[PDB]
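Below: one structure, written as C-alpha cells.
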Amino acid sequence: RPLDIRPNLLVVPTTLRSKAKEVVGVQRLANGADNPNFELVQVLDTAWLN
Amino acid sequence: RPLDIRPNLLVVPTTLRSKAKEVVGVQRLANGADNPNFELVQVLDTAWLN
Amino acid sequence: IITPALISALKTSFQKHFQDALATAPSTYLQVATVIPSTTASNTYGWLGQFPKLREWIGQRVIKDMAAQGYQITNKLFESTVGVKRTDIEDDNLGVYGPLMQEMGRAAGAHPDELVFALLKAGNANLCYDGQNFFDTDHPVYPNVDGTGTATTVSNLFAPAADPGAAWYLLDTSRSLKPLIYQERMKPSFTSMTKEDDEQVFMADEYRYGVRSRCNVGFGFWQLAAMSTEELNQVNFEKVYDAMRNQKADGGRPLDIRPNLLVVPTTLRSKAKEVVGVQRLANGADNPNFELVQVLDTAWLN
Amino acid sequence: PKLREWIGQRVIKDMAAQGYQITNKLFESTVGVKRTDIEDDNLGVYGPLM
Amino acid sequence: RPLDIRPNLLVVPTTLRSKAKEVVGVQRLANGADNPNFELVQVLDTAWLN
C-alpha cells in the first residue's frame, strides 16, 4: 500500500550547487528545453557537507 | 560623426511573432545557452502586416 | 501683424523647449571622466602620476616636491547656430522648430561625451603630462623613488603582428580620479536675436539661434587606461587583465589596480557580449569572466 | 543639428529650400437601414453596427 | 583527536590566477567526467602578493 511520500528538499554539498541549479531552479535543461521539475524541491546548500 | 542611434522596438508579422518571441525575449535558448537579447527591444504585435 | 509680443512669446516657448531637452539629456561621460570646474584661463596638472601612500616614522617625514611642469589643458569653446528663413512665420508653420531645438539641446548635452571618447580613441596620437603617449609600449618607471638607475619597460598598448583588428579599451573607475578629466568653464547658454533692424535680418535672411559653451577634456594618469587592438578573445582578455594587475610603481610595490569596465566599438559589442557575459562557454560552462566588468556601449567609437 | 566647434567662424543651419508635399487626403464611409425594420421595432440592430 | 579543519578560501598571486581557475572552475575534462573540486573554495585574487 503506498505511503503517499512527498519528497520536499534535496541536500547537496556546496560543490554540487551548479548541478542542483541545472536540475532545479533554472528554466534551461541540458538539451535546452523547459524543465519538467522546475522549483519542484527547495535546495539547501551547506558547508557542513564539504 | 556617429549619431548614437538607439534601436528601440522590433515589429514582426503575425505569422512570425512566436518565432521572434522564442528567438528573442527568452533567456533560455533551444540548445540551453543564455540569450544576450532579453528585453533588449519592445516587440509590437500588429495584425495589419498579414 | 508682427509685434514684439509674438517675439517674446516665441522666446519663452523656445526657452521651455531647450530646458525640456536639457533635462532629459543623457549623461555618459561621467562614467569614465572627472569634472574639475575652473575659475581662470586654464589648469595646471603636474602632480599626476604621484601615488600617495603611507610611510613609517623611521626618521624625518618624507615630503614630495612635484615638478613645476603642468599639463596645460588650454580649454576651448563651442557653439551651434540655426536659422528660420523668416518665411514660414507668415505661413504660421510653427509646428517645426520644436523638434529642431530639442535635437540641438540633446546634441549639446551629448557633445562632452562625443569629444571625450573621440580623444580617447586617438590616445596613440596624443601625449600625456609626462611627455609620452597615453597608450605607449615604453612608459618610464624608475626603480627608485628619487628617480635614479636604469629604467624599466612597461607596456599598456598591445597590437597584433599583422591584420589589425578593432581597438578596445580597459579602464578603471574605482580610483578617485578617472583616467580622463573633462573641464567645464561655462555652462552652455542660448543666444537669440530677432530684431527687425539688426544684422542678418536685413542682410540675407536668417533669424539666428545660437547655443554657446566652453569646455575641454584632458588626460589623467595612464596607469589605469590601456589599449588592445588584437582580436577580442578569452585568452587575450585574460592576458591583458593579468598583465595589468601585475603592474608595480617605482620601488616594486604593487598598486592593487582594479580594472573596472571594458569599452568596445559598436561593431564588436555582440562579440564582446558572447565571449564574456554568457554562462555556457563554446563547449562547456562556467566562463571565468562573468560580470567581471561592466560593458559601456558607446557609438562614439564608430 | 549638433553642437559645433569654434574655428574662428560661424555655421548657420544647413538644410533649406525643400519640402515633402504630404498632400493630405480624405476618407469616408456610409451605411444603410433599409427602412423596413423600423416598423417591426427591431431596433436591437444598429447598436453594434455603429 | 583532530579538530574540524575546513579549508574555506584559497589565495594565489595574480600570475597563477589562470591556473587556479583551470584547476577549479571547469566541470568537464577531456575524458568527459565532472571535476569534484568545483566551487570547493572561494578564490580571492590579490595584487599585494606580487
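Here, A, B, ... name the chains of the C-alpha cells in the order displayed, residue numbers run from 1 inside each chain, and ligands are numbered from 1 in the same displayed order.
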Go ahead and align chain E to chain A (same sequence, so just pair every C-alpha in order, least squares) and export the moved chain as a PDB file with N, CA and C atoms, in the first residue's frame.
```
ATOM      1  N   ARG E   1       0.063  -1.571   0.780  1.00  0.00           N
ATOM      2  CA  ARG E   1      -0.303  -0.263   0.249  1.00  0.00           C
ATOM      3  C   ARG E   1       0.699   0.789   0.715  1.00  0.00           C
ATOM      4  N   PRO E   2       1.034   1.775  -0.113  1.00  0.00           N
ATOM      5  CA  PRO E   2       2.041   2.766   0.272  1.00  0.00           C
ATOM      6  C   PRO E   2       1.461   3.951   1.036  1.00  0.00           C
ATOM      7  N   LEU E   3       2.370   4.798   1.513  1.00  0.00           N
ATOM      8  CA  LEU E   3       2.047   6.060   2.159  1.00  0.00           C
ATOM      9  C   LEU E   3       2.299   7.200   1.176  1.00  0.00           C
ATOM     10  N   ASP E   4       2.090   8.431   1.644  1.00  0.00           N
ATOM     11  CA  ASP E   4       2.201   9.612   0.786  1.00  0.00           C
ATOM     12  C   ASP E   4       3.622  10.166   0.877  1.00  0.00           C
ATOM     13  N   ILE E   5       4.532   9.515   0.154  1.00  0.00           N
ATOM     14  CA  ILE E   5       5.916   9.975   0.094  1.00  0.00           C
ATOM     15  C   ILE E   5       5.980  11.201  -0.805  1.00  0.00           C
ATOM     16  N   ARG E   6       6.370  12.338  -0.233  1.00  0.00           N
ATOM     17  CA  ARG E   6       6.413  13.614  -0.945  1.00  0.00           C
ATOM     18  C   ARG E   6       7.754  14.290  -0.686  1.00  0.00           C
ATOM     19  N   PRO E   7       8.812  13.865  -1.388  1.00  0.00           N
ATOM     20  CA  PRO E   7      10.123  14.504  -1.205  1.00  0.00           C
ATOM     21  C   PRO E   7      10.046  16.018  -1.326  1.00  0.00           C
ATOM     22  N   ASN E   8      10.363  16.725  -0.242  1.00  0.00           N
ATOM     23  CA  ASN E   8      10.177  18.168  -0.161  1.00  0.00           C
ATOM     24  C   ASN E   8      11.453  18.951  -0.446  1.00  0.00           C
ATOM     25  N   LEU E   9      12.560  18.595   0.202  1.00  0.00           N
ATOM     26  CA  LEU E   9      13.802  19.345   0.092  1.00  0.00           C
ATOM     27  C   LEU E   9      14.953  18.401  -0.225  1.00  0.00           C
ATOM     28  N   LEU E  10      16.000  18.970  -0.818  1.00  0.00           N
ATOM     29  CA  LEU E  10      17.200  18.237  -1.192  1.00  0.00           C
ATOM     30  C   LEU E  10      18.420  18.960  -0.644  1.00  0.00           C
ATOM     31  N   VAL E  11      19.370  18.190  -0.120  1.00  0.00           N
ATOM     32  CA  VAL E  11      20.551  18.720   0.552  1.00  0.00           C
ATOM     33  C   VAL E  11      21.787  18.232  -0.187  1.00  0.00           C
ATOM     34  N   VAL E  12      22.717  19.145  -0.453  1.00  0.00           N
ATOM     35  CA  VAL E  12      23.965  18.805  -1.132  1.00  0.00           C
ATOM     36  C   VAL E  12      25.137  19.433  -0.387  1.00  0.00           C
ATOM     37  N   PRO E  13      26.338  18.870  -0.482  1.00  0.00           N
ATOM     38  CA  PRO E  13      27.523  19.586  -0.005  1.00  0.00           C
ATOM     39  C   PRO E  13      27.812  20.791  -0.888  1.00  0.00           C
ATOM     40  N   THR E  14      28.533  21.755  -0.313  1.00  0.00           N
ATOM     41  CA  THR E  14      28.801  22.995  -1.033  1.00  0.00           C
ATOM     42  C   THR E  14      29.546  22.755  -2.339  1.00  0.00           C
ATOM     43  N   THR E  15      30.266  21.639  -2.459  1.00  0.00           N
ATOM     44  CA  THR E  15      30.982  21.331  -3.690  1.00  0.00           C
ATOM     45  C   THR E  15      30.066  20.844  -4.805  1.00  0.00           C
ATOM     46  N   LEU E  16      28.798  20.552  -4.505  1.00  0.00           N
ATOM     47  CA  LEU E  16      27.845  20.071  -5.498  1.00  0.00           C
ATOM     48  C   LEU E  16      26.668  21.024  -5.682  1.00  0.00           C
ATOM     49  N   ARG E  17      26.716  22.209  -5.071  1.00  0.00           N
ATOM     50  CA  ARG E  17      25.619  23.162  -5.213  1.00  0.00           C
ATOM     51  C   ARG E  17      25.487  23.641  -6.653  1.00  0.00           C
ATOM     52  N   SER E  18      26.612  23.815  -7.350  1.00  0.00           N
ATOM     53  CA  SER E  18      26.549  24.226  -8.748  1.00  0.00           C
ATOM     54  C   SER E  18      25.806  23.195  -9.588  1.00  0.00           C
ATOM     55  N   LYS E  19      26.116  21.911  -9.397  1.00  0.00           N
ATOM     56  CA  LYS E  19      25.415  20.869 -10.139  1.00  0.00           C
ATOM     57  C   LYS E  19      23.949  20.797  -9.733  1.00  0.00           C
ATOM     58  N   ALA E  20      23.658  21.001  -8.446  1.00  0.00           N
ATOM     59  CA  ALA E  20      22.267  21.001  -8.002  1.00  0.00           C
ATOM     60  C   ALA E  20      21.476  22.107  -8.689  1.00  0.00           C
ATOM     61  N   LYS E  21      22.062  23.301  -8.793  1.00  0.00           N
ATOM     62  CA  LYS E  21      21.404  24.388  -9.509  1.00  0.00           C
ATOM     63  C   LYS E  21      21.268  24.069 -10.992  1.00  0.00           C
ATOM     64  N   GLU E  22      22.293  23.451 -11.584  1.00  0.00           N
ATOM     65  CA  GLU E  22      22.236  23.128 -13.006  1.00  0.00           C
ATOM     66  C   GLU E  22      21.103  22.155 -13.306  1.00  0.00           C
ATOM     67  N   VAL E  23      20.956  21.111 -12.489  1.00  0.00           N
ATOM     68  CA  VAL E  23      19.902  20.129 -12.734  1.00  0.00           C
ATOM     69  C   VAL E  23      18.531  20.738 -12.466  1.00  0.00           C
ATOM     70  N   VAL E  24      18.419  21.557 -11.422  1.00  0.00           N
ATOM     71  CA  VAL E  24      17.171  22.219 -11.062  1.00  0.00           C
ATOM     72  C   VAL E  24      17.450  23.711 -10.953  1.00  0.00           C
ATOM     73  N   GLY E  25      16.835  24.499 -11.832  1.00  0.00           N
ATOM     74  CA  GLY E  25      17.038  25.934 -11.831  1.00  0.00           C
ATOM     75  C   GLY E  25      17.128  26.535 -13.220  1.00  0.00           C
ATOM     76  N   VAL E  26      17.231  25.690 -14.242  1.00  0.00           N
ATOM     77  CA  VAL E  26      17.297  26.127 -15.632  1.00  0.00           C
ATOM     78  C   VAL E  26      16.067  25.592 -16.351  1.00  0.00           C
ATOM     79  N   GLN E  27      15.377  26.472 -17.077  1.00  0.00           N
ATOM     80  CA  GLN E  27      14.117  26.088 -17.707  1.00  0.00           C
ATOM     81  C   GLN E  27      14.339  25.514 -19.103  1.00  0.00           C
ATOM     82  N   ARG E  28      15.000  26.263 -19.983  1.00  0.00           N
ATOM     83  CA  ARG E  28      15.235  25.803 -21.346  1.00  0.00           C
ATOM     84  C   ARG E  28      16.539  25.023 -21.436  1.00  0.00           C
ATOM     85  N   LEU E  29      16.487  23.893 -22.136  1.00  0.00           N
ATOM     86  CA  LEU E  29      17.665  23.089 -22.416  1.00  0.00           C
ATOM     87  C   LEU E  29      18.250  23.514 -23.763  1.00  0.00           C
ATOM     88  N   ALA E  30      19.257  22.781 -24.240  1.00  0.00           N
ATOM     89  CA  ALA E  30      19.826  23.082 -25.549  1.00  0.00           C
ATOM     90  C   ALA E  30      18.792  22.888 -26.651  1.00  0.00           C
ATOM     91  N   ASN E  31      17.999  21.818 -26.565  1.00  0.00           N
ATOM     92  CA  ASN E  31      16.982  21.567 -27.582  1.00  0.00           C
ATOM     93  C   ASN E  31      15.921  22.660 -27.584  1.00  0.00           C
ATOM     94  N   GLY E  32      15.502  23.111 -26.402  1.00  0.00           N
ATOM     95  CA  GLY E  32      14.490  24.145 -26.299  1.00  0.00           C
ATOM     96  C   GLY E  32      13.216  23.678 -25.625  1.00  0.00           C
ATOM     97  N   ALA E  33      13.341  22.755 -24.673  1.00  0.00           N
ATOM     98  CA  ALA E  33      12.204  22.222 -23.937  1.00  0.00           C
ATOM     99  C   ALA E  33      12.329  22.575 -22.461  1.00  0.00           C
ATOM    100  N   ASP E  34      11.183  22.801 -21.823  1.00  0.00           N
ATOM    101  CA  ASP E  34      11.170  23.177 -20.416  1.00  0.00           C
ATOM    102  C   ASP E  34      11.525  21.985 -19.536  1.00  0.00           C
ATOM    103  N   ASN E  35      12.244  22.255 -18.453  1.00  0.00           N
ATOM    104  CA  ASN E  35      12.621  21.203 -17.515  1.00  0.00           C
ATOM    105  C   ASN E  35      11.474  20.939 -16.544  1.00  0.00           C
ATOM    106  N   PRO E  36      11.003  19.696 -16.420  1.00  0.00           N
ATOM    107  CA  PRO E  36       9.881  19.407 -15.519  1.00  0.00           C
ATOM    108  C   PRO E  36      10.245  19.352 -14.044  1.00  0.00           C
ATOM    109  N   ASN E  37      11.482  19.679 -13.672  1.00  0.00           N
ATOM    110  CA  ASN E  37      11.931  19.600 -12.288  1.00  0.00           C
ATOM    111  C   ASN E  37      12.147  20.970 -11.659  1.00  0.00           C
ATOM    112  N   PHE E  38      11.784  22.049 -12.349  1.00  0.00           N
ATOM    113  CA  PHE E  38      12.020  23.383 -11.814  1.00  0.00           C
ATOM    114  C   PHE E  38      11.230  23.595 -10.529  1.00  0.00           C
ATOM    115  N   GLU E  39      11.918  24.075  -9.494  1.00  0.00           N
ATOM    116  CA  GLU E  39      11.292  24.383  -8.208  1.00  0.00           C
ATOM    117  C   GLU E  39      10.495  23.191  -7.684  1.00  0.00           C
ATOM    118  N   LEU E  40      10.971  21.977  -7.971  1.00  0.00           N
ATOM    119  CA  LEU E  40      10.313  20.789  -7.444  1.00  0.00           C
ATOM    120  C   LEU E  40      10.634  20.585  -5.969  1.00  0.00           C
ATOM    121  N   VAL E  41      11.839  20.967  -5.543  1.00  0.00           N
ATOM    122  CA  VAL E  41      12.276  20.826  -4.162  1.00  0.00           C
ATOM    123  C   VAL E  41      12.908  22.138  -3.715  1.00  0.00           C
ATOM    124  N   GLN E  42      13.022  22.296  -2.399  1.00  0.00           N
ATOM    125  CA  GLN E  42      13.615  23.486  -1.791  1.00  0.00           C
ATOM    126  C   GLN E  42      15.072  23.173  -1.467  1.00  0.00           C
ATOM    127  N   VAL E  43      15.986  23.719  -2.272  1.00  0.00           N
ATOM    128  CA  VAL E  43      17.406  23.481  -2.052  1.00  0.00           C
ATOM    129  C   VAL E  43      17.832  24.108  -0.733  1.00  0.00           C
ATOM    130  N   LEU E  44      18.697  23.401  -0.001  1.00  0.00           N
ATOM    131  CA  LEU E  44      19.188  23.855   1.304  1.00  0.00           C
ATOM    132  C   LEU E  44      20.680  23.533   1.373  1.00  0.00           C
ATOM    133  N   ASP E  45      21.507  24.505   1.000  1.00  0.00           N
ATOM    134  CA  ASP E  45      22.950  24.323   1.069  1.00  0.00           C
ATOM    135  C   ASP E  45      23.422  24.392   2.515  1.00  0.00           C
ATOM    136  N   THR E  46      24.404  23.558   2.849  1.00  0.00           N
ATOM    137  CA  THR E  46      24.937  23.505   4.202  1.00  0.00           C
ATOM    138  C   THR E  46      26.429  23.222   4.140  1.00  0.00           C
ATOM    139  N   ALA E  47      27.181  23.856   5.040  1.00  0.00           N
ATOM    140  CA  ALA E  47      28.620  23.657   5.125  1.00  0.00           C
ATOM    141  C   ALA E  47      29.012  22.573   6.120  1.00  0.00           C
ATOM    142  N   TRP E  48      28.093  22.148   6.990  1.00  0.00           N
ATOM    143  CA  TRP E  48      28.413  21.116   7.969  1.00  0.00           C
ATOM    144  C   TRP E  48      28.714  19.772   7.319  1.00  0.00           C
ATOM    145  N   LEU E  49      28.294  19.568   6.070  1.00  0.00           N
ATOM    146  CA  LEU E  49      28.523  18.321   5.356  1.00  0.00           C
ATOM    147  C   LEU E  49      29.756  18.383   4.460  1.00  0.00           C
ATOM    148  N   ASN E  50      30.649  19.338   4.701  1.00  0.00           N
ATOM    149  CA  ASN E  50      31.875  19.458   3.920  1.00  0.00           C
ATOM    150  C   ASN E  50      31.564  19.700   2.448  1.00  0.00           C
TER     151      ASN E  50
END
```
Do you know which residues are at most 7 Å from region 274-280 of chain C counting only C-alpha atoms, after dropping those on the same chain fewer than 4 positions away, and could you put them as a PDB file with N, CA, C and O atoms, in the first residue's frame?
```pdb
ATOM      1  N   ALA B  33      21.557  27.791 -23.940  1.00  0.00           N
ATOM      2  CA  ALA B  33      22.537  28.855 -23.786  1.00  0.00           C
ATOM      3  C   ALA B  33      21.824  30.168 -23.504  1.00  0.00           C
ATOM      4  O   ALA B  33      20.688  30.382 -23.936  1.00  0.00           O
ATOM      5  N   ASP B  34      22.502  31.046 -22.770  1.00  0.00           N
ATOM      6  CA  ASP B  34      21.906  32.316 -22.379  1.00  0.00           C
ATOM      7  C   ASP B  34      21.804  33.245 -23.582  1.00  0.00           C
ATOM      8  O   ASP B  34      22.770  33.421 -24.331  1.00  0.00           O
TER       9      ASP B  34
ATOM     10  N   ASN C 233      39.475  38.003 -27.495  1.00  0.00           N
ATOM     11  CA  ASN C 233      39.358  36.590 -27.176  1.00  0.00           C
ATOM     12  C   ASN C 233      39.542  36.397 -25.678  1.00  0.00           C
ATOM     13  O   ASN C 233      40.117  37.240 -24.987  1.00  0.00           O
ATOM     14  N   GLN C 234      39.039  35.264 -25.179  1.00  0.00           N
ATOM     15  CA  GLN C 234      39.140  34.983 -23.752  1.00  0.00           C
ATOM     16  C   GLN C 234      40.596  34.919 -23.305  1.00  0.00           C
ATOM     17  O   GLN C 234      40.958  35.482 -22.266  1.00  0.00           O
ATOM     18  N   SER C 270      28.523  42.776 -29.809  1.00  0.00           N
ATOM     19  CA  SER C 270      27.942  41.439 -29.741  1.00  0.00           C
ATOM     20  C   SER C 270      29.010  40.386 -29.471  1.00  0.00           C
ATOM     21  O   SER C 270      28.793  39.457 -28.683  1.00  0.00           O
ATOM     22  N   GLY C 284      31.197  23.674 -22.964  1.00  0.00           N
ATOM     23  CA  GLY C 284      31.387  23.541 -21.534  1.00  0.00           C
ATOM     24  C   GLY C 284      30.496  24.479 -20.746  1.00  0.00           C
ATOM     25  O   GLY C 284      29.318  24.644 -21.076  1.00  0.00           O
ATOM     26  N   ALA C 285      31.044  25.100 -19.706  1.00  0.00           N
ATOM     27  CA  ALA C 285      30.284  26.025 -18.871  1.00  0.00           C
ATOM     28  C   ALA C 285      31.256  26.730 -17.933  1.00  0.00           C
ATOM     29  O   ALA C 285      32.462  26.470 -17.942  1.00  0.00           O
ATOM     30  N   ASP C 286      30.706  27.632 -17.117  1.00  0.00           N
ATOM     31  CA  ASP C 286      31.480  28.376 -16.124  1.00  0.00           C
ATOM     32  C   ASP C 286      32.562  29.231 -16.787  1.00  0.00           C
ATOM     33  O   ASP C 286      33.759  29.031 -16.576  1.00  0.00           O
ATOM     34  N   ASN C 287      32.130  30.187 -17.600  1.00  0.00           N
ATOM     35  CA  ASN C 287      33.054  31.172 -18.138  1.00  0.00           C
ATOM     36  C   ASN C 287      33.626  32.002 -16.988  1.00  0.00           C
ATOM     37  O   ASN C 287      32.856  32.586 -16.213  1.00  0.00           O
ATOM     38  N   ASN C 289      34.751  34.838 -16.639  1.00  0.00           N
ATOM     39  CA  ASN C 289      34.690  36.285 -16.810  1.00  0.00           C
ATOM     40  C   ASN C 289      33.250  36.777 -16.761  1.00  0.00           C
ATOM     41  O   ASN C 289      32.873  37.718 -17.464  1.00  0.00           O
ATOM     42  N   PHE C 290      32.420  36.162 -15.920  1.00  0.00           N
ATOM     43  CA  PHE C 290      31.026  36.568 -15.811  1.00  0.00           C
ATOM     44  C   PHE C 290      30.900  37.796 -14.920  1.00  0.00           C
ATOM     45  O   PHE C 290      31.335  37.785 -13.764  1.00  0.00           O
ATOM     46  N   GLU C 291      30.296  38.856 -15.462  1.00  0.00           N
ATOM     47  CA  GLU C 291      30.045  40.088 -14.714  1.00  0.00           C
ATOM     48  C   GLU C 291      31.314  40.610 -14.044  1.00  0.00           C
ATOM     49  O   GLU C 291      31.256  41.315 -13.033  1.00  0.00           O
TER      50      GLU C 291
END
```
Closest atom pairs, chain C residues within 6 Å of chain D, only C-alpha atoms, as a tab-separated table:
```
residue	atom	partner	partner_atom	distance
C:78	CA	D:5	CA	4.4
C:79	CA	D:4	CA	5.2
C:80	CA	D:3	CA	4.8
C:81	CA	D:12	CA	5.2
C:82	CA	D:13	CA	4.2
C:83	CA	D:13	CA	5.4
C:104	CA	D:1	CA	5.1
C:107	CA	D:2	CA	5.0
C:108	CA	D:3	CA	5.1
```
Residues of the last selection are to be written out with C-alpha atoms, as a tab-separated table (two decimals), in the first residue's frame.
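File produced: again_29.tsv:
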```
chain	number	residue	atom	x	y	z
C	78	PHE	CA	31.95	75.56	-28.88
C	79	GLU	CA	28.60	76.70	-30.24
C	80	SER	CA	25.97	75.81	-32.82
C	81	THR	CA	23.55	78.11	-34.64
C	82	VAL	CA	20.35	77.52	-36.63
C	83	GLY	CA	18.13	79.63	-38.87
C	104	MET	CA	20.01	70.73	-30.76
C	107	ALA	CA	23.34	67.15	-29.17
C	108	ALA	CA	24.69	69.87	-26.88
```
Quiz item: Among chain E, which ones does DSSP place in helix (DSSP H, G or I), written as a ChimeraX atom specification?
Solution: /E:14-23
Restricted to N, CA, C and O atoms, what would the selected residues look like written as a JSON list (two decimals), in the first residue's frame?
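Output file again_19.json is given in full below:
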```json
[["chain", "number", "residue", "atom", "x", "y", "z"],
["E", 14, "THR", "N", 48.63, 36.97, -8.70],
["E", 14, "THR", "CA", 47.94, 37.25, -9.96],
["E", 14, "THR", "C", 48.53, 36.46, -11.12],
["E", 14, "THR", "O", 47.83, 36.23, -12.11],
["E", 15, "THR", "N", 49.79, 36.04, -11.03],
["E", 15, "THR", "CA", 50.41, 35.26, -12.09],
["E", 15, "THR", "C", 49.95, 33.81, -12.11],
["E", 15, "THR", "O", 50.24, 33.10, -13.08],
["E", 16, "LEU", "N", 49.23, 33.36, -11.08],
["E", 16, "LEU", "CA", 48.74, 31.99, -11.00],
["E", 16, "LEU", "C", 47.22, 31.91, -10.98],
["E", 16, "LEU", "O", 46.66, 30.82, -10.77],
["E", 17, "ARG", "N", 46.53, 33.03, -11.19],
["E", 17, "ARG", "CA", 45.07, 33.02, -11.17],
["E", 17, "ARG", "C", 44.51, 32.18, -12.32],
["E", 17, "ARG", "O", 43.49, 31.51, -12.17],
["E", 18, "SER", "N", 45.17, 32.22, -13.48],
["E", 18, "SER", "CA", 44.72, 31.41, -14.61],
["E", 18, "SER", "C", 44.77, 29.92, -14.26],
["E", 18, "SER", "O", 43.81, 29.18, -14.53],
["E", 19, "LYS", "N", 45.87, 29.47, -13.65],
["E", 19, "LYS", "CA", 45.96, 28.07, -13.25],
["E", 19, "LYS", "C", 44.96, 27.74, -12.16],
["E", 19, "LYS", "O", 44.40, 26.64, -12.14],
["E", 20, "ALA", "N", 44.73, 28.68, -11.23],
["E", 20, "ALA", "CA", 43.74, 28.44, -10.19],
["E", 20, "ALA", "C", 42.35, 28.24, -10.78],
["E", 20, "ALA", "O", 41.61, 27.35, -10.36],
["E", 21, "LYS", "N", 41.99, 29.06, -11.77],
["E", 21, "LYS", "CA", 40.71, 28.88, -12.45],
["E", 21, "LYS", "C", 40.68, 27.56, -13.22],
["E", 21, "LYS", "O", 39.65, 26.88, -13.25],
["E", 22, "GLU", "N", 41.80, 27.20, -13.86],
["E", 22, "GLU", "CA", 41.83, 25.96, -14.63],
["E", 22, "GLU", "C", 41.61, 24.75, -13.74],
["E", 22, "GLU", "O", 40.84, 23.85, -14.09],
["E", 23, "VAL", "N", 42.27, 24.71, -12.58],
["E", 23, "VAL", "CA", 42.11, 23.56, -11.69],
["E", 23, "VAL", "C", 40.71, 23.54, -11.08],
["E", 23, "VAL", "O", 40.10, 22.48, -10.93]]
```
Practice problem: For CA of residue 132 (chain C) and CA of residue 144 (chain C), quote the distance in Å rounded to one decimal. | Solution: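 The value is 20.0 Å.
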Practice problem: List every residue of chain E that DSSP, applied to the backbone of this structure, assigns to strand (DSSP E), and report them as a list in words. | Solution: residues 9, 10, 42 and 43 of chain E
Dump C-alpha atoms for the selected residues as a PDB file, in the first residue's frame?
```
ATOM      1  CA  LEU E   9      39.318  30.018   0.672  1.00  0.00           C
ATOM      2  CA  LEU E  10      42.455  29.831  -1.462  1.00  0.00           C
ATOM      3  CA  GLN E  42      36.257  30.871  -2.589  1.00  0.00           C
ATOM      4  CA  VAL E  43      39.053  32.199  -4.794  1.00  0.00           C
TER       5      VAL E  43
END
```
Quiz item: What is the distance between CA of residue 5 (chain C) and CA of residue 91 (chain C), in Å to one decimal?
Solution: 17.9 Å
Exercise. Mind giving me the straight-line distance from CA of residue 263 (chain C) to CA of residue 298 (chain C) in Å, one decimal?
Key: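 Answer for the CA of residue 263 (chain C) to CA of residue 298 (chain C) separation: 7.8 Å.
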Exercise. Fewer than 6 positions away in the same chain doesn't count, so skip those; otherwise give me all residues within 12 Å of residue 231 (chain C), counting only C-alpha atoms, as a VMD selection string.
Key: chain C and resid 158 to 168 237 240 264 268 271 to 272 275
Would you output that residue set with N, CA and C atoms, as a compact mmCIF listing (two decimals), in the first residue's frame?
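Printed below is part-v4.txt as written:
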```txt
# COMPACT_ATOMS: atom_id res chain seq x y z
N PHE C 158 48.82 47.05 -26.67
CA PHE C 158 49.02 45.73 -27.25
C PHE C 158 48.47 45.73 -28.67
N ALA C 159 49.30 45.32 -29.63
CA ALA C 159 48.91 45.28 -31.03
C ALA C 159 49.32 43.95 -31.64
N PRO C 160 48.62 43.51 -32.69
CA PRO C 160 48.98 42.26 -33.34
C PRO C 160 50.13 42.44 -34.32
N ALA C 161 50.74 41.31 -34.69
CA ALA C 161 51.83 41.34 -35.66
C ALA C 161 51.35 41.86 -37.01
N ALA C 162 50.17 41.44 -37.44
CA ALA C 162 49.60 41.88 -38.71
C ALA C 162 48.09 41.70 -38.64
N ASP C 163 47.41 42.14 -39.71
CA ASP C 163 45.96 42.06 -39.78
C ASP C 163 45.34 42.78 -38.58
N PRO C 164 45.52 44.10 -38.48
CA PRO C 164 44.99 44.81 -37.31
C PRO C 164 43.47 44.69 -37.22
N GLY C 165 42.98 44.58 -35.99
CA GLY C 165 41.57 44.46 -35.72
C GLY C 165 41.00 45.69 -35.04
N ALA C 166 39.82 45.52 -34.46
CA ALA C 166 39.17 46.60 -33.74
C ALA C 166 39.95 46.94 -32.47
N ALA C 167 39.83 48.18 -32.03
CA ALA C 167 40.51 48.67 -30.84
C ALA C 167 39.53 48.75 -29.68
N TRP C 168 39.88 48.10 -28.57
CA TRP C 168 39.07 48.11 -27.36
C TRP C 168 39.94 48.55 -26.19
N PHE C 237 42.03 38.46 -23.42
CA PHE C 237 41.50 39.25 -22.33
C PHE C 237 42.14 38.86 -21.00
N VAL C 240 45.69 40.29 -20.92
CA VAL C 240 45.70 41.72 -20.66
C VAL C 240 45.38 41.99 -19.19
N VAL C 264 34.22 48.81 -25.95
CA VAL C 264 34.46 48.23 -27.26
C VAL C 264 33.65 49.01 -28.29
N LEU C 268 31.72 45.44 -32.48
CA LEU C 268 32.17 44.25 -31.77
C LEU C 268 31.48 44.08 -30.42
N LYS C 271 30.17 40.51 -30.12
CA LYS C 271 31.25 39.55 -29.89
C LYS C 271 31.77 39.66 -28.46
N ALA C 272 31.88 40.88 -27.93
CA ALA C 272 32.30 41.03 -26.54
C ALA C 272 31.28 40.41 -25.59
N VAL C 275 31.47 36.48 -25.99
CA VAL C 275 32.71 35.95 -25.43
C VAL C 275 32.70 36.08 -23.91
```
Self-check item: Which of C:247, C:189, C:266, C:15 sits closest to residue 152 (chain C) [using only C-alpha atoms]
Solution: C:247
